[PDB]
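Worksheet for the structure shown next.
Quick note on labels: first sequence line is chain A, next is B, and so on, each numbered from 1. Counting starts at 1 for both ligands and their atoms, following the listed order.
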Amino acid sequence: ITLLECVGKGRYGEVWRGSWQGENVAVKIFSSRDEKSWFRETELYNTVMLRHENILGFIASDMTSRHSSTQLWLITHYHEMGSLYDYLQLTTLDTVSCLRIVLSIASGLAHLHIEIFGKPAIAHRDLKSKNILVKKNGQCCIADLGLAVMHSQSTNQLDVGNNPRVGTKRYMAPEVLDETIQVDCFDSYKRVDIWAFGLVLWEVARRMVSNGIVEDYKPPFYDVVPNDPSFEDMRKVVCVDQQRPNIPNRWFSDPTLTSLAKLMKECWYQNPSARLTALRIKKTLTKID
Amino acid sequence: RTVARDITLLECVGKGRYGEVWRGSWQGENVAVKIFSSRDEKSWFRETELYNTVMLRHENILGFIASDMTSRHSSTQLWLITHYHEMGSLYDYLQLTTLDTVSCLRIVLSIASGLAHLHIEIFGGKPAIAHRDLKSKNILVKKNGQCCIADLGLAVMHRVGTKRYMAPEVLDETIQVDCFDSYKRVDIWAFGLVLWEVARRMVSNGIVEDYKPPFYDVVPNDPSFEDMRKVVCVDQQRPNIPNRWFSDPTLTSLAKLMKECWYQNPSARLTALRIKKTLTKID
Ligand SMILES: COc1cc(-c2cncc(-c3ccc(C4CCN(C)CC4)cc3)c2C)cc(OC)c1OC
Ligand SMILES: COc1cc(-c2cncc(-c3ccc(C4CCN(C)CC4)cc3)c2C)cc(OC)c1OC
Ligand SMILES: COc1cc(-c2cncc(-c3ccc(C4CCN(C)CC4)cc3)c2C)cc(OC)c1OC
Ligand SMILES: COc1cc(-c2cncc(-c3ccc(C4CCN(C)CC4)cc3)c2C)cc(OC)c1OC
């Protein structure tokens with residue numbers, strides 16, 4: 001493996017564009033603070049039937065050590081277009097491109113949520129536009145399974161893993177922010193994913209042009225919380241103030257954006273059991289034009 | 001910067017139901033590569049989770065190098081990479097080799113040292129660890145005459161064990177499964193059987209016993225759970241101490257030590273730290 005350039009550096013660790021056997025690969029080196037994510041991601045990628053066009057493809061995972069130093073590596077396919085977050089910053093979308101992006105994310109999420117009889121049912125727990133990569137075919141793939149929860153219907157087994165990491169604060173569902181979420185209930189984790197999906201739908205739809213109008217890229221709740229919002233800042237707006245992302249009135253002139261606004265509201269009910277399923281979101285997006 | 005990951009597999013040194021172990025080469029150095037069967041994937045995950053929790057480093061613990069997971073077309077490939085000990089397992093070594101007093105004590109004190117390191121919680125450190133499959137095939141002989149403990153695939157931090165080495169409370173299913181000290185006491189029982197296997201190969205007054213595994217004279221090869229229960233729990237049999245040991249001060253002391261690892265009552269058994277102290281006062 002040859003490490004050619006750092007494409008990301010944060011509390012998580014670092015991601016490198018590298019070369020391996022003549023192909024671009026992505027090489028994530030985890031921070032020691034996030035060792036439990038590395039192991040959880042490795043448990044998830046053990047599953048051969050996880051592989052899917054809308055899930056980041058795995059090549060290898062390694063833990064290496066000499067003396068008291070440990071390195072933790074995850075090697076994946078490389079997506080040179082970067083994350084959906086990166087992509088939306090300076091690109092606008094037409095109807096076809098906007099629906100292709102969001103259907104592909106719904107397709108990835110429905111694939112995670114639905115058990116294959118194999119691949120367990122999987123809830124992601126940190127869905128957000130930085131955790132979605134854009135592919136040269138205009139579809140996306142979901143990345144970062146370090147917080148994932150797994151459930152097996154045949155044996156009624158729930159594997160919540162061992163990870164004190166929590167979701168990205170800006171995307172946390174009301175029940176996560178107020179800590180009332182039912183921790184022994186697999187459906188609870190799927191419903192957190194649906195909330196976050198609705199927020200990603202909103203971020204994407206803002207960038208779709210209608211009638212010569214488009215919104216600038218903004219992250220969820222940009223208008224109502226401080227920069228670098230705390231857990232308590234988010235709890236205030238989502239749980240106390242019952243805030244949801246605003247729907248620009250220009251959307252109601254466009255049938256596609258009207259349909260997407262309806263879908264993102266059905267992701268944002270305070271009652272988690274009221275939210276749409278990933279399969280239902282996929283079927284709705286398959287029908288919308 | 002270049003990350004040279006390739007390991008050349010050179011010769012197979014072990015093949016079983018667990019998978020295979022190979023002598024391999026990395027940057028001109030021997031390493032040992034354990035390739036896991038589908039059957040035994042959980043042993044890879046457990047050892048990896050433990051080493052991700054605490055990077056164990058001790059002269060009498062097989063040295064960790066790497067855990068690798070590689071995506072294949074239709075399967076996941078799982079390798080554990082460690083230090084390579086060309087002399088092989090204690091089991092292997094005892095078949096042909098006899099021991100003198102110094103080599104016997106050096107072997108058993110090195111095993112006690114590695115086991116006490118696993119067992120002890122260090123604050124500030126490492127969690128306490130019980131091995132749960134200690135046996136002479138899971139001990140490697142180093143060129144300096146000391147041994148190291150291998151295979152933490154069943155280890156517990158605070159697959160079942162090899163039946164021949166199971167303590168009575170494991171066979172009669174009375175072990176207090178919620179209680180960490182219970183697992184230390186299971187290891188001490190197994191340690192006592194290993195000490196018997198080694199002691200037999202120590203020469204005194206021109207006499208040595210042939211290598212035999214524990215309970216070779218009372219159970220079949222691949223004994224059943226029931227075969228072991230009847231011997232260890234119902235009849236309360238223990239390995240034979242030969243008369244010739246009682247002419248030799250070292251083997252007399254080691255017979256006493258192994259008795260104190262084999263009490264039916266787990267809480268009566270010696271601790272690994274007490275075994276180390278006893279061994280440093282022998283000879
Ligand atoms: C997995 O195993 C082996 C790895 C290596 C190896 C190769 N490149 C670099 C390194 C290294 C350099 C520097 C640090 C530290 C130093 C101080 N501080 C600043 C934190 C960072 C850590 C690691 C190593 C250890 C060599 C080995 O053998 C010669 C290994 O054994 C098979
Ligand atoms: C989210 O999570 C993981 C992501 C990736 C990953 C895979 N392909 C491409 C990338 C990428 C490349 C380049 C940019 C550019 C964007 C604009 N500008 C030039 C700065 C940088 C962004 C992103 C990444 C980050 C790999 C991972 O593991 C190896 C991830 O973790 C699972
Ligand atoms: C991915 O996989 C394998 C990798 C290796 C390997 C080969 N060269 C160099 C390394 C290395 C070590 C450590 C650093 C440190 C330097 C200090 N810096 C602050 C943090 C990072 C960099 C590089 C490694 C880990 C060997 C393997 O096998 C023995 C691997 O496969 C299991
Ligand atoms: C107990 O288990 C594990 C053991 C090992 C391991 C480490 N060094 C050396 C060995 C070995 C080398 C050589 C011989 C023979 C073959 C050559 N000649 C004909 C006589 C001697 C036997 C044994 C092994 C098997 C590694 C492991 O993990 C990678 C093990 O699993 C944790």
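Within the 4.5 Å cutoff, the side chain of B:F45 has heavy atoms near those of the B:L78 side chain.
Between A:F58 and A:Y45, the ring planes are parallel. Angles under 30° get that label, and only those over 60° would be called perpendicular.
A donor atom on one side chain and an acceptor atom on the other are not found under 3.5 Å apart for A:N24 and A:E80. Between the side chains of A:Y171 and A:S129, at least one donor N or O sits under 3.5 Å from an acceptor N or O. Side chains of A:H113 and A:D193: a donor on one and an acceptor on the other come within 3.5 Å.
The stretch residues 126-141 of chain B participates, sequence neighbours left out, in these salt bridge (charged side-chain N to carboxylate O under 4.0 Å, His left out) pairs: B:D133-B:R159.
Listed as neighbours of ligand 4 are B:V13, B:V21, B:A32, B:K34, B:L62, B:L80, B:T82, B:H83, B:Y84, B:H85, B:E86, B:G88, B:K137, B:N138, B:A150, B:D151, each bearing a heavy atom under 4.0 Å from the ligand.
Taking every non-hydrogen atom of A:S69 and a distance limit under 4.0 Å, the qualifying atoms of ligand 1 come out as 22 (C). Listed by number with element, the atoms of ligand 1 under 4.0 Å from a non-hydrogen atom of A:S65 are 1 (C), 2 (O).
Ion pairing between A:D159 and A:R40 holds under the 4.0 Å rule for side-chain N and carboxylate O.
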